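Chemist: My structure is stored as start_4.cif, with mmCIF, N, CA and C atoms.
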data_protein
#
loop_
_atom_site.group_PDB
_atom_site.id
_atom_site.type_symbol
_atom_site.label_atom_id
_atom_site.label_comp_id
_atom_site.auth_asym_id
_atom_site.auth_seq_id
_atom_site.Cartn_x
_atom_site.Cartn_y
_atom_site.Cartn_z
ATOM 1 N N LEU A 151 -8.235 -13.933 -15.663
ATOM 2 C CA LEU A 151 -7.317 -12.801 -15.538
ATOM 3 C C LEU A 151 -7.217 -12.343 -14.090
ATOM 4 N N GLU A 152 -8.358 -12.232 -13.411
ATOM 5 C CA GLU A 152 -8.336 -11.889 -11.998
ATOM 6 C C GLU A 152 -7.585 -12.945 -11.206
ATOM 7 N N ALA A 153 -7.785 -14.223 -11.531
ATOM 8 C CA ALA A 153 -7.080 -15.284 -10.815
ATOM 9 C C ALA A 153 -5.572 -15.211 -11.043
ATOM 10 N N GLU A 154 -5.149 -15.093 -12.305
ATOM 11 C CA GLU A 154 -3.723 -15.101 -12.605
ATOM 12 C C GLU A 154 -3.033 -13.890 -12.002
ATOM 13 N N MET A 155 -3.637 -12.705 -12.095
ATOM 14 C CA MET A 155 -2.910 -11.589 -11.520
ATOM 15 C C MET A 155 -3.191 -11.462 -10.027
ATOM 16 N N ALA A 156 -4.163 -12.201 -9.490
ATOM 17 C CA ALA A 156 -4.292 -12.298 -8.043
ATOM 18 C C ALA A 156 -3.180 -13.153 -7.462
ATOM 19 N N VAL A 157 -2.835 -14.253 -8.134
ATOM 20 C CA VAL A 157 -1.653 -15.001 -7.712
ATOM 21 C C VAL A 157 -0.393 -14.182 -7.980
ATOM 22 N N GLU A 158 -0.404 -13.351 -9.025
ATOM 23 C CA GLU A 158 0.723 -12.456 -9.281
ATOM 24 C C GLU A 158 0.883 -11.442 -8.147
ATOM 25 N N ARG A 159 -0.234 -10.873 -7.685
ATOM 26 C CA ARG A 159 -0.229 -9.979 -6.532
ATOM 27 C C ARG A 159 0.196 -10.715 -5.270
ATOM 28 N N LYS A 160 -0.253 -11.958 -5.107
ATOM 29 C CA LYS A 160 0.203 -12.754 -3.976
ATOM 30 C C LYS A 160 1.715 -12.909 -4.010
ATOM 31 N N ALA A 161 2.271 -13.190 -5.188
ATOM 32 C CA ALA A 161 3.715 -13.364 -5.310
ATOM 33 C C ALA A 161 4.466 -12.070 -5.012
ATOM 34 N N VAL A 162 3.994 -10.940 -5.544
ATOM 35 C CA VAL A 162 4.708 -9.682 -5.317
ATOM 36 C C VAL A 162 4.595 -9.252 -3.859
ATOM 37 N N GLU A 163 3.407 -9.377 -3.261
ATOM 38 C CA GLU A 163 3.274 -9.041 -1.851
ATOM 39 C C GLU A 163 4.040 -10.024 -0.977
ATOM 40 N N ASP A 164 4.224 -11.262 -1.443
ATOM 41 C CA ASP A 164 4.990 -12.238 -0.680
ATOM 42 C C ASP A 164 6.480 -11.934 -0.731
ATOM 43 N N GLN A 165 6.996 -11.539 -1.897
ATOM 44 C CA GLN A 165 8.395 -11.126 -1.951
ATOM 45 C C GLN A 165 8.611 -9.819 -1.198
ATOM 46 N N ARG A 166 7.630 -8.913 -1.228
ATOM 47 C CA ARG A 166 7.712 -7.712 -0.404
ATOM 48 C C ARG A 166 7.755 -8.069 1.075
ATOM 49 N N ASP A 167 6.900 -9.003 1.501
ATOM 50 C CA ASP A 167 6.893 -9.434 2.893
ATOM 51 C C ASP A 167 8.195 -10.130 3.259
ATOM 52 N N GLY A 168 8.747 -10.926 2.343
ATOM 53 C CA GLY A 168 10.024 -11.565 2.607
ATOM 54 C C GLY A 168 11.152 -10.563 2.749
ATOM 55 N N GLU A 169 11.183 -9.558 1.872
ATOM 56 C CA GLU A 169 12.176 -8.498 2.000
ATOM 57 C C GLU A 169 12.008 -7.752 3.317
ATOM 58 N N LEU A 170 10.766 -7.421 3.677
ATOM 59 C CA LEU A 170 10.520 -6.734 4.940
ATOM 60 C C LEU A 170 10.970 -7.580 6.122
ATOM 61 N N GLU A 171 10.645 -8.873 6.107
ATOM 62 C CA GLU A 171 11.022 -9.750 7.208
ATOM 63 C C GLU A 171 12.534 -9.897 7.301
ATOM 64 N N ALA A 172 13.211 -10.043 6.161
ATOM 65 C CA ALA A 172 14.663 -10.171 6.175
ATOM 66 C C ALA A 172 15.317 -8.904 6.709
ATOM 67 N N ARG A 173 14.875 -7.740 6.225
ATOM 68 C CA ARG A 173 15.439 -6.484 6.703
ATOM 69 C C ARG A 173 15.149 -6.283 8.185
ATOM 70 N N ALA A 174 13.933 -6.621 8.623
ATOM 71 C CA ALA A 174 13.582 -6.482 10.030
ATOM 72 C C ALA A 174 14.413 -7.413 10.899
ATOM 73 N N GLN A 175 14.639 -8.646 10.441
ATOM 74 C CA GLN A 175 15.469 -9.577 11.195
ATOM 75 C C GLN A 175 16.907 -9.083 11.280
ATOM 76 N N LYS A 176 17.444 -8.559 10.177
ATOM 77 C CA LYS A 176 18.796 -8.011 10.212
ATOM 78 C C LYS A 176 18.884 -6.833 11.175
ATOM 79 N N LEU A 177 17.900 -5.932 11.127
ATOM 80 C CA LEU A 177 17.908 -4.782 12.023
ATOM 81 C C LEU A 177 17.762 -5.215 13.476
ATOM 82 N N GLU A 178 16.920 -6.218 13.735
ATOM 83 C CA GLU A 178 16.757 -6.720 15.095
ATOM 84 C C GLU A 178 18.045 -7.352 15.601
ATOM 85 N N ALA A 179 18.734 -8.108 14.743
ATOM 86 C CA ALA A 179 20.018 -8.680 15.134
ATOM 87 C C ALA A 179 21.028 -7.585 15.447
ATOM 88 N N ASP A 180 21.074 -6.539 14.618
ATOM 89 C CA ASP A 180 21.990 -5.432 14.878
ATOM 90 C C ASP A 180 21.646 -4.727 16.186
ATOM 91 N N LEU A 181 20.355 -4.508 16.441
ATOM 92 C CA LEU A 181 19.938 -3.851 17.674
ATOM 93 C C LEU A 181 20.288 -4.696 18.892
ATOM 94 N N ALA A 182 20.091 -6.013 18.803
ATOM 95 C CA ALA A 182 20.467 -6.893 19.905
ATOM 96 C C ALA A 182 21.975 -6.883 20.121
ATOM 97 N N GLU A 183 22.747 -6.875 19.033
ATOM 98 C CA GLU A 183 24.198 -6.798 19.160
ATOM 99 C C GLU A 183 24.612 -5.508 19.858
ATOM 100 N N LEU A 184 23.983 -4.389 19.494
ATOM 101 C CA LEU A 184 24.266 -3.128 20.171
ATOM 102 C C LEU A 184 23.899 -3.209 21.648
ATOM 103 N N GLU A 185 22.710 -3.738 21.949
ATOM 104 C CA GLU A 185 22.270 -3.841 23.335
ATOM 105 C C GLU A 185 23.212 -4.715 24.150
ATOM 106 N N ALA A 186 23.855 -5.690 23.506
ATOM 107 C CA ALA A 186 24.840 -6.507 24.205
ATOM 108 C C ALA A 186 25.988 -5.649 24.723
ATOM 109 N N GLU A 187 26.436 -4.680 23.922
ATOM 110 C CA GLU A 187 27.513 -3.799 24.359
ATOM 111 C C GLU A 187 27.071 -2.891 25.500
ATOM 112 N N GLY A 188 25.786 -2.548 25.560
ATOM 113 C CA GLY A 188 25.289 -1.676 26.606
ATOM 114 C C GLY A 188 25.896 -0.290 26.547
ATOM 115 N N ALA A 189 25.929 0.296 25.353
ATOM 116 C CA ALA A 189 26.546 1.599 25.164
ATOM 117 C C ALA A 189 25.783 2.668 25.945
ATOM 118 N N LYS A 190 26.311 3.888 25.909
ATOM 119 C CA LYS A 190 25.714 4.994 26.641
ATOM 120 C C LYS A 190 24.304 5.282 26.133
ATOM 121 N N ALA A 191 23.560 6.057 26.927
ATOM 122 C CA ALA A 191 22.214 6.447 26.525
ATOM 123 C C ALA A 191 22.242 7.271 25.245
ATOM 124 N N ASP A 192 23.225 8.164 25.113
ATOM 125 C CA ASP A 192 23.352 8.943 23.885
ATOM 126 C C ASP A 192 23.620 8.036 22.690
ATOM 127 N N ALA A 193 24.552 7.091 22.843
ATOM 128 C CA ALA A 193 24.831 6.149 21.763
ATOM 129 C C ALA A 193 23.626 5.261 21.486
ATOM 130 N N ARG A 194 22.929 4.832 22.541
ATOM 131 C CA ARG A 194 21.725 4.031 22.352
ATOM 132 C C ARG A 194 20.701 4.786 21.517
ATOM 133 N N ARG A 195 20.457 6.054 21.856
ATOM 134 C CA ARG A 195 19.499 6.849 21.098
ATOM 135 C C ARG A 195 19.967 7.056 19.665
ATOM 136 N N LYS A 196 21.262 7.311 19.472
ATOM 137 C CA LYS A 196 21.785 7.503 18.123
ATOM 138 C C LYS A 196 21.533 6.271 17.260
ATOM 139 N N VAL A 197 21.913 5.096 17.762
ATOM 140 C CA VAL A 197 21.776 3.879 16.968
ATOM 141 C C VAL A 197 20.307 3.516 16.788
ATOM 142 N N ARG A 198 19.482 3.743 17.813
ATOM 143 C CA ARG A 198 18.056 3.475 17.676
ATOM 144 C C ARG A 198 17.434 4.365 16.611
ATOM 145 N N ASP A 199 17.803 5.649 16.591
ATOM 146 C CA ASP A 199 17.301 6.545 15.556
ATOM 147 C C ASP A 199 17.782 6.112 14.179
ATOM 148 N N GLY A 200 19.048 5.707 14.070
ATOM 149 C CA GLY A 200 19.549 5.239 12.787
ATOM 150 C C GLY A 200 18.785 4.031 12.282
ATOM 151 N N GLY A 201 18.572 3.048 13.159
ATOM 152 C CA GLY A 201 17.828 1.864 12.761
ATOM 153 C C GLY A 201 16.376 2.168 12.445
ATOM 154 N N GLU A 202 15.756 3.056 13.224
ATOM 155 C CA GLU A 202 14.375 3.437 12.960
ATOM 156 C C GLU A 202 14.249 4.123 11.609
ATOM 157 N N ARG A 203 15.182 5.020 11.286
ATOM 158 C CA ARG A 203 15.142 5.687 9.990
ATOM 159 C C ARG A 203 15.413 4.705 8.858
ATOM 160 N N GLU A 204 16.315 3.746 9.075
ATOM 161 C CA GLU A 204 16.554 2.726 8.058
ATOM 162 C C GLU A 204 15.296 1.903 7.808
ATOM 163 N N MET A 205 14.594 1.519 8.878
ATOM 164 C CA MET A 205 13.350 0.772 8.717
ATOM 165 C C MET A 205 12.274 1.620 8.052
ATOM 166 N N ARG A 206 12.199 2.906 8.400
ATOM 167 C CA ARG A 206 11.242 3.787 7.740
ATOM 168 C C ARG A 206 11.530 3.878 6.249
ATOM 169 N N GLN A 207 12.806 3.996 5.878
ATOM 170 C CA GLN A 207 13.165 4.054 4.464
ATOM 171 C C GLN A 207 12.849 2.740 3.759
ATOM 172 N N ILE A 208 13.103 1.610 4.420
ATOM 173 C CA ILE A 208 12.789 0.315 3.821
ATOM 174 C C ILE A 208 11.288 0.189 3.592
ATOM 175 N N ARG A 209 10.490 0.580 4.587
ATOM 176 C CA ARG A 209 9.040 0.535 4.437
ATOM 177 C C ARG A 209 8.572 1.496 3.353
ATOM 178 N N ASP A 210 9.214 2.661 3.246
ATOM 179 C CA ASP A 210 8.853 3.611 2.200
ATOM 180 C C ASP A 210 9.141 3.040 0.818
ATOM 181 N N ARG A 211 10.286 2.377 0.651
ATOM 182 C CA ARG A 211 10.593 1.748 -0.630
ATOM 183 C C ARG A 211 9.615 0.619 -0.939
ATOM 184 N N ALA A 212 9.266 -0.179 0.073
ATOM 185 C CA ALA A 212 8.290 -1.242 -0.138
ATOM 186 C C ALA A 212 6.938 -0.668 -0.539
ATOM 187 N N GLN A 213 6.528 0.430 0.098
ATOM 188 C CA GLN A 213 5.287 1.093 -0.285
ATOM 189 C C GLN A 213 5.386 1.698 -1.677
ATOM 190 N N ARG A 214 6.571 2.167 -2.071
ATOM 191 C CA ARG A 214 6.762 2.641 -3.437
ATOM 192 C C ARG A 214 6.515 1.516 -4.432
ATOM 193 N N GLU A 215 7.093 0.343 -4.173
ATOM 194 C CA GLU A 215 6.839 -0.806 -5.040
ATOM 195 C C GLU A 215 5.358 -1.172 -5.040
ATOM 196 N N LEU A 216 4.737 -1.177 -3.859
ATOM 197 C CA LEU A 216 3.337 -1.570 -3.752
ATOM 198 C C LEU A 216 2.433 -0.613 -4.515
ATOM 199 N N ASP A 217 2.682 0.695 -4.405
ATOM 200 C CA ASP A 217 1.841 1.661 -5.103
ATOM 201 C C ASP A 217 2.142 1.689 -6.594
ATOM 202 N N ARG A 218 3.384 1.405 -6.991
ATOM 203 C CA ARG A 218 3.673 1.208 -8.406
ATOM 204 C C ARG A 218 2.832 0.069 -8.968
ATOM 205 N N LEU A 219 2.795 -1.058 -8.257
ATOM 206 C CA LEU A 219 1.993 -2.182 -8.728
ATOM 207 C C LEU A 219 0.501 -1.880 -8.650
ATOM 208 N N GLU A 220 0.074 -1.090 -7.665
ATOM 209 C CA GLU A 220 -1.330 -0.699 -7.584
ATOM 210 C C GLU A 220 -1.720 0.190 -8.757
ATOM 211 N N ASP A 221 -0.832 1.105 -9.151
ATOM 212 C CA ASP A 221 -1.070 1.901 -10.347
ATOM 213 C C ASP A 221 -1.124 1.015 -11.583
ATOM 214 N N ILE A 222 -0.247 0.011 -11.654
ATOM 215 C CA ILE A 222 -0.306 -0.944 -12.760
ATOM 216 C C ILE A 222 -1.669 -1.630 -12.789
ATOM 217 N N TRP A 223 -2.139 -2.073 -11.620
ATOM 218 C CA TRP A 223 -3.426 -2.757 -11.526
ATOM 219 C C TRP A 223 -4.562 -1.851 -11.979
ATOM 220 N N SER A 224 -4.568 -0.604 -11.505
ATOM 221 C CA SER A 224 -5.629 0.327 -11.873
ATOM 222 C C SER A 224 -5.602 0.618 -13.367
ATOM 223 N N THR A 225 -4.411 0.854 -13.920
ATOM 224 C CA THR A 225 -4.302 1.140 -15.345
ATOM 225 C C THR A 225 -4.753 -0.043 -16.187
ATOM 226 N N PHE A 226 -4.426 -1.267 -15.767
ATOM 227 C CA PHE A 226 -4.827 -2.439 -16.537
ATOM 228 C C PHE A 226 -6.328 -2.685 -16.440
ATOM 229 N N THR A 227 -6.890 -2.625 -15.231
ATOM 230 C CA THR A 227 -8.339 -2.734 -15.094
ATOM 231 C C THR A 227 -9.032 -1.539 -15.729
ATOM 232 N N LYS A 228 -8.594 -0.336 -15.376
ATOM 233 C CA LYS A 228 -9.113 0.892 -15.972
ATOM 234 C C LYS A 228 -8.395 1.194 -17.284
ATOM 235 N N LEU A 229 -8.369 0.196 -18.165
ATOM 236 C CA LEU A 229 -7.695 0.284 -19.453
ATOM 237 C C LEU A 229 -8.735 0.423 -20.553
ATOM 238 N N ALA A 230 -8.609 1.476 -21.350
ATOM 239 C CA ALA A 230 -9.494 1.702 -22.482
ATOM 240 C C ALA A 230 -8.753 2.553 -23.499
ATOM 241 N N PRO A 231 -9.165 2.517 -24.764
ATOM 242 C CA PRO A 231 -8.505 3.354 -25.770
ATOM 243 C C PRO A 231 -8.510 4.820 -25.362
ATOM 244 N N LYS A 232 -7.678 5.602 -26.050
ATOM 245 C CA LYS A 232 -7.570 7.041 -25.825
ATOM 246 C C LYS A 232 -7.038 7.369 -24.432
ATOM 247 N N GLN A 233 -6.170 6.517 -23.891
ATOM 248 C CA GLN A 233 -5.516 6.766 -22.615
ATOM 249 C C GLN A 233 -4.041 7.082 -22.831
ATOM 250 N N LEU A 234 -3.491 7.893 -21.931
ATOM 251 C CA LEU A 234 -2.126 8.387 -22.039
ATOM 252 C C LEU A 234 -1.278 7.850 -20.895
ATOM 253 N N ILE A 235 -0.018 7.548 -21.198
ATOM 254 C CA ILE A 235 0.947 7.063 -20.211
ATOM 255 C C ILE A 235 2.166 7.975 -20.325
ATOM 256 N N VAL A 236 2.208 9.020 -19.496
ATOM 257 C CA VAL A 236 3.281 10.008 -19.592
ATOM 258 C C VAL A 236 4.624 9.373 -19.255
ATOM 259 N N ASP A 237 4.670 8.586 -18.183
ATOM 260 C CA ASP A 237 5.918 7.981 -17.725
ATOM 261 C C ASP A 237 6.188 6.720 -18.537
ATOM 262 N N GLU A 238 7.250 6.751 -19.345
ATOM 263 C CA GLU A 238 7.563 5.611 -20.202
ATOM 264 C C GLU A 238 7.901 4.369 -19.389
ATOM 265 N N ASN A 239 8.385 4.542 -18.157
ATOM 266 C CA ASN A 239 8.697 3.386 -17.323
ATOM 267 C C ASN A 239 7.449 2.558 -17.053
ATOM 268 N N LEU A 240 6.323 3.223 -16.793
ATOM 269 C CA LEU A 240 5.079 2.506 -16.537
ATOM 270 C C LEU A 240 4.683 1.663 -17.744
ATOM 271 N N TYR A 241 4.746 2.249 -18.944
ATOM 272 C CA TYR A 241 4.391 1.501 -20.146
ATOM 273 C C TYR A 241 5.355 0.347 -20.379
ATOM 274 N N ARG A 242 6.650 0.571 -20.142
ATOM 275 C CA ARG A 242 7.615 -0.509 -20.298
ATOM 276 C C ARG A 242 7.286 -1.660 -19.361
ATOM 277 N N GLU A 243 6.938 -1.346 -18.112
ATOM 278 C CA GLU A 243 6.549 -2.390 -17.174
ATOM 279 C C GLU A 243 5.314 -3.132 -17.668
ATOM 280 N N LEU A 244 4.302 -2.392 -18.131
ATOM 281 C CA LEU A 244 3.085 -3.044 -18.606
ATOM 282 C C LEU A 244 3.391 -4.002 -19.750
ATOM 283 N N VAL A 245 4.145 -3.538 -20.747
ATOM 284 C CA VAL A 245 4.391 -4.363 -21.925
ATOM 285 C C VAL A 245 5.260 -5.565 -21.569
ATOM 286 N N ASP A 246 6.308 -5.359 -20.766
ATOM 287 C CA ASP A 246 7.187 -6.468 -20.414
ATOM 288 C C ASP A 246 6.448 -7.518 -19.595
ATOM 289 N N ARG A 247 5.641 -7.084 -18.625
ATOM 290 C CA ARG A 247 4.903 -8.025 -17.789
ATOM 291 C C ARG A 247 3.686 -8.572 -18.526
ATOM 292 N N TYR A 248 2.760 -7.692 -18.899
ATOM 293 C CA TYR A 248 1.520 -8.048 -19.590
ATOM 294 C C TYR A 248 1.512 -7.331 -20.937
#
I need this file expressed as structure tokens, please.
Modeler:
Amino acid sequence: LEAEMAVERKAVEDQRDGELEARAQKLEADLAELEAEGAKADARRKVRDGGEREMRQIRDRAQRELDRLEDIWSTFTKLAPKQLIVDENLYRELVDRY
């Protein structure tokens, strides 16, 4: 069980890393395209802030997925009778996956 869901964790963290790398590459390409234009300092700061906030939001969503899966891991390992799952989404994920 540890082996199978360790490879499962490898797969989820790998798709998370792939999403992060793809988004980072897209943002880097956009930033380089902007730098090619050599816009004003005000425009440079505006676009840099926009891209930084977009990357922060992407990382926040990735961390949301990661902590969702970490809660899944804790609930499955720390699984015993007489336990409650208030959020039906969590239980649906558990049953559909495991």
Chemist: Just to confirm, what's the straight-line distance from CA of residue 240 in chain A to CA of residue 222 in chain A in Å (one decimal)?
Modeler: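 Answer for the CA of residue 240 in chain A to CA of residue 222 in chain A separation: 7.4 Å.
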Chemist: Mind listing as a list in words all residues within 7 Å of (-8.2, -7.0, -13.8), counting only C-alpha atoms?
Modeler: residues 151, 152, 223, 226 and 227 of chain A
Chemist: Please identify all polymer residues within 9 Å of residue 212 in chain A, counting only C-alpha atoms, omitting same-chain residues fewer than 6 positions from it, and present them as a PyMOL selection string.
Modeler: chain A and resi 166-167+169-170
Chemist: May I have the residues from that selection written out with N, CA and C atoms, as a PDB file, keeping the file's coordinate frame?
Modeler:
ATOM      1  N   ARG A 166       7.630  -8.913  -1.228  1.00  0.00           N
ATOM      2  CA  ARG A 166       7.712  -7.712  -0.404  1.00  0.00           C
ATOM      3  C   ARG A 166       7.755  -8.069   1.075  1.00  0.00           C
ATOM      4  N   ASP A 167       6.900  -9.003   1.501  1.00  0.00           N
ATOM      5  CA  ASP A 167       6.893  -9.434   2.893  1.00  0.00           C
ATOM      6  C   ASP A 167       8.195 -10.130   3.259  1.00  0.00           C
ATOM      7  N   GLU A 169      11.183  -9.558   1.872  1.00  0.00           N
ATOM      8  CA  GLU A 169      12.176  -8.498   2.000  1.00  0.00           C
ATOM      9  C   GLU A 169      12.008  -7.752   3.317  1.00  0.00           C
ATOM     10  N   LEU A 170      10.766  -7.421   3.677  1.00  0.00           N
ATOM     11  CA  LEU A 170      10.520  -6.734   4.940  1.00  0.00           C
ATOM     12  C   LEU A 170      10.970  -7.580   6.122  1.00  0.00           C
TER      13      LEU A 170
END
Chemist: Give me, please, the distance in Å between atom C of residue 248 in chain A and CA of residue 211 in chain A, quoted to one decimal.
Modeler: 24.0 Å
Chemist: Provide the CA of residue 154 in chain A to CA of residue 233 in chain A distance in Å, to one decimal place.
Modeler: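 Separation between CA of residue 154 in chain A and CA of residue 233 in chain A: 24.1 Å.
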Chemist: Can I get range 217-232 of chain A with N, CA, C and O atoms filled in, as a PDB file, keeping the file's coordinate frame?
Modeler:
ATOM      1  N   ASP A 217       2.682   0.695  -4.405  1.00  0.00           N
ATOM      2  CA  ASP A 217       1.841   1.661  -5.103  1.00  0.00           C
ATOM      3  C   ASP A 217       2.142   1.689  -6.594  1.00  0.00           C
ATOM      4  O   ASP A 217       1.245   1.962  -7.396  1.00  0.00           O
ATOM      5  N   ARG A 218       3.384   1.405  -6.991  1.00  0.00           N
ATOM      6  CA  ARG A 218       3.673   1.208  -8.406  1.00  0.00           C
ATOM      7  C   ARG A 218       2.832   0.069  -8.968  1.00  0.00           C
ATOM      8  O   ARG A 218       2.197   0.204 -10.023  1.00  0.00           O
ATOM      9  N   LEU A 219       2.795  -1.058  -8.257  1.00  0.00           N
ATOM     10  CA  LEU A 219       1.993  -2.182  -8.728  1.00  0.00           C
ATOM     11  C   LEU A 219       0.501  -1.880  -8.650  1.00  0.00           C
ATOM     12  O   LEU A 219      -0.271  -2.370  -9.479  1.00  0.00           O
ATOM     13  N   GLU A 220       0.074  -1.090  -7.665  1.00  0.00           N
ATOM     14  CA  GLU A 220      -1.330  -0.699  -7.584  1.00  0.00           C
ATOM     15  C   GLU A 220      -1.720   0.190  -8.757  1.00  0.00           C
ATOM     16  O   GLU A 220      -2.821   0.063  -9.303  1.00  0.00           O
ATOM     17  N   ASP A 221      -0.832   1.105  -9.151  1.00  0.00           N
ATOM     18  CA  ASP A 221      -1.070   1.901 -10.347  1.00  0.00           C
ATOM     19  C   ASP A 221      -1.124   1.015 -11.583  1.00  0.00           C
ATOM     20  O   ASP A 221      -1.951   1.230 -12.474  1.00  0.00           O
ATOM     21  N   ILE A 222      -0.247   0.011 -11.654  1.00  0.00           N
ATOM     22  CA  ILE A 222      -0.306  -0.944 -12.760  1.00  0.00           C
ATOM     23  C   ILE A 222      -1.669  -1.630 -12.789  1.00  0.00           C
ATOM     24  O   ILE A 222      -2.299  -1.765 -13.845  1.00  0.00           O
ATOM     25  N   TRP A 223      -2.139  -2.073 -11.620  1.00  0.00           N
ATOM     26  CA  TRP A 223      -3.426  -2.757 -11.526  1.00  0.00           C
ATOM     27  C   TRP A 223      -4.562  -1.851 -11.979  1.00  0.00           C
ATOM     28  O   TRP A 223      -5.436  -2.269 -12.747  1.00  0.00           O
ATOM     29  N   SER A 224      -4.568  -0.604 -11.505  1.00  0.00           N
ATOM     30  CA  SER A 224      -5.629   0.327 -11.873  1.00  0.00           C
ATOM     31  C   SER A 224      -5.602   0.618 -13.367  1.00  0.00           C
ATOM     32  O   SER A 224      -6.645   0.617 -14.032  1.00  0.00           O
ATOM     33  N   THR A 225      -4.411   0.854 -13.920  1.00  0.00           N
ATOM     34  CA  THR A 225      -4.302   1.140 -15.345  1.00  0.00           C
ATOM     35  C   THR A 225      -4.753  -0.043 -16.187  1.00  0.00           C
ATOM     36  O   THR A 225      -5.402   0.147 -17.222  1.00  0.00           O
ATOM     37  N   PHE A 226      -4.426  -1.267 -15.767  1.00  0.00           N
ATOM     38  CA  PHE A 226      -4.827  -2.439 -16.537  1.00  0.00           C
ATOM     39  C   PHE A 226      -6.328  -2.685 -16.440  1.00  0.00           C
ATOM     40  O   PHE A 226      -6.987  -2.936 -17.455  1.00  0.00           O
ATOM     41  N   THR A 227      -6.890  -2.625 -15.231  1.00  0.00           N
ATOM     42  CA  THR A 227      -8.339  -2.734 -15.094  1.00  0.00           C
ATOM     43  C   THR A 227      -9.032  -1.539 -15.729  1.00  0.00           C
ATOM     44  O   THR A 227      -9.958  -1.695 -16.534  1.00  0.00           O
ATOM     45  N   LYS A 228      -8.594  -0.336 -15.376  1.00  0.00           N
ATOM     46  CA  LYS A 228      -9.113   0.892 -15.972  1.00  0.00           C
ATOM     47  C   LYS A 228      -8.395   1.194 -17.284  1.00  0.00           C
ATOM     48  O   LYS A 228      -7.876   2.285 -17.508  1.00  0.00           O
ATOM     49  N   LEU A 229      -8.369   0.196 -18.165  1.00  0.00           N
ATOM     50  CA  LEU A 229      -7.695   0.284 -19.453  1.00  0.00           C
ATOM     51  C   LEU A 229      -8.735   0.423 -20.553  1.00  0.00           C
ATOM     52  O   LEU A 229      -9.633  -0.418 -20.674  1.00  0.00           O
ATOM     53  N   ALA A 230      -8.609   1.476 -21.350  1.00  0.00           N
ATOM     54  CA  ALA A 230      -9.494   1.702 -22.482  1.00  0.00           C
ATOM     55  C   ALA A 230      -8.753   2.553 -23.499  1.00  0.00           C
ATOM     56  O   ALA A 230      -7.792   3.247 -23.148  1.00  0.00           O
ATOM     57  N   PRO A 231      -9.165   2.517 -24.764  1.00  0.00           N
ATOM     58  CA  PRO A 231      -8.505   3.354 -25.770  1.00  0.00           C
ATOM     59  C   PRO A 231      -8.510   4.820 -25.362  1.00  0.00           C
ATOM     60  O   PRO A 231      -9.228   5.241 -24.453  1.00  0.00           O
ATOM     61  N   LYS A 232      -7.678   5.602 -26.050  1.00  0.00           N
ATOM     62  CA  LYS A 232      -7.570   7.041 -25.825  1.00  0.00           C
ATOM     63  C   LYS A 232      -7.038   7.369 -24.432  1.00  0.00           C
ATOM     64  O   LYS A 232      -7.409   8.386 -23.843  1.00  0.00           O
TER      65      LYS A 232
END
